[PDB]
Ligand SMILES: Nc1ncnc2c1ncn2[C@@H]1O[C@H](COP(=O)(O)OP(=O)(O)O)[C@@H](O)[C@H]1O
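Just one chain is shown here, as structure tokens, and it is the form deposited without the ligand.
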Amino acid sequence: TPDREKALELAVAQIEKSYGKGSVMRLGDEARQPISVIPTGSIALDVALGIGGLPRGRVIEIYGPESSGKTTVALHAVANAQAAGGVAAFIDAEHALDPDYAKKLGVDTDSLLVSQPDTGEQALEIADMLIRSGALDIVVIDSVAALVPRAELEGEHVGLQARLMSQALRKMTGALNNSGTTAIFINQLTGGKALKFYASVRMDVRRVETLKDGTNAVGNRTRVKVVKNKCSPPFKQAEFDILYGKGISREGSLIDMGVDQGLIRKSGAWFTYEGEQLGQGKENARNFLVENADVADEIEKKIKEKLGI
């Protein structure tokens, strides 16, 4: 029992030495807090990720169905990275991006670098050239499935989209570590059978139920599961709202995590905080914290403190 704990601690130690700092963890463990992370938009998701957001210098994969929220999540990462004086690229083989939307989340679309590559190979290469500059904080690739190989596009065997992904990632991982740039690969349901193993974080994004606005019904309760996480115990999940043309309700996630930690009391429909009242029902409580940014930062401050960061 006492002679065991050492052999295990020893075992865990040489594993970390041989393969890296997150190669083994107990699921109950507190997270190793890095210097800087890219916040995701939802404090719940930031907390579910352990390190308060996305890791820098690593490969992230965000996947899920059509219109599930993955891209929304990705754009927030882009917004936050910029808000911190960072530069961001967007490799687009999908041609789906709505910048007016991106802009409302907080993306500085004017300074957003975009590329609409001719081929899968070119997409990844252009992304690599960008990464090896050292000037990028984040780059998003929309999407994996769209990374069609030159050969296929030129009418010329089958299965080389995977070889392409595999080859690219090998190179890209080293370049991402050195630069400290984060790559977000958006993926559906591909060639990302490699992506699965190169990724430090993998997020399963899904729509749970549609938010009611008196019968109009615009907005979605989004659920994300961190199915892989090399930077903190994995398998944590989070919920948060994405609102029609507004993105993730930062304030909505503040309340939810707020009550979760007991920092926000909930006597009936009344959400309460530090003796004062925030609103009756979640909508007013949400609407309160947006028109009162002072208290929203207070609550955000208190939540980070009570947890890791």
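Only residues modelled in both forms are compared. By rigid core we mean the largest C-alpha set that fits within 1.5 Å across both forms. In this text, residue numbers run from 1 along the sequence as written.
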property: Interresidue gap class [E156, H157; deposited sequence, unmodelled]; result: 4 to 9
property: Deposited residues omitted from coordinates between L189 and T190, as a class; result: 10 or more
property: Which of 91 to 99 and 212 to 220 has higher mean CA B factor, as the PDB entry lists it; result: 212 to 220
property: Comparing 158 to 166 with 118 to 126, the one whose average Cα B-factor in the PDB entry is higher; result: 158 to 166
property: Third of chain Cα B-factors occupied by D260; result: highest
property: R26 - which third its CA temperature factor falls in, relative to the rest of the chain; result: middle
property: Ranked C-alpha temperature factor of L45 among modelled chain residues, by third; result: lowest
property: Modelled-residue ranking by C-alpha temperature factor, third containing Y63; result: lowest
property: Record-listed C-alpha B factor of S179: chain third; result: middle
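A second form of this protein, the form solved in complex with the ligand, is not displayed here; the remarks below concern that form.
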{"item": "Distance check, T71 to the ligand in the deposited bound form, heavy atom within 4.5 Å", "value": "yes"}
{"item": "Contact label in the deposited bound form: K171 to the ligand, heavy atom within 4.5 Å", "value": "no"}
{"item": "is_contact(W270, the ligand) in the deposited bound form, heavy atom dist at most 4.5 Å", "value": "no"}
{"item": "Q237, heavy atom within 4.5 angstroms of the ligand in the deposited bound form", "value": "no"}
{"item": "Contacting member of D213, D118, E125, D98, with respect to the ligand in the deposited bound form [4.5 Å, heavy atom]", "value": "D98"}
{"item": "The ligand: the contacting residue among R207, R163, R150, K196 in the deposited bound form [heavy atom, 4.5 Å]", "value": "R207"}
{"item": "Interface stretch in the deposited bound form with the ligand - options 277 to 285, 32 to 40, 249 to 257, 60 to 68, non-hydrogen atom within 4.5 Å", "value": "60 to 68"}
{"item": "Heavy atom of each of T109, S133 and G180 within 4.5 Å of the ligand in the deposited bound form", "value": "no"}
{"item": "Consecutive stretches, 3 or more residues long, displaced between this form and the one not shown (C-alpha shift of at least 2 Å once the core is aligned)", "value": "213 to 215"}
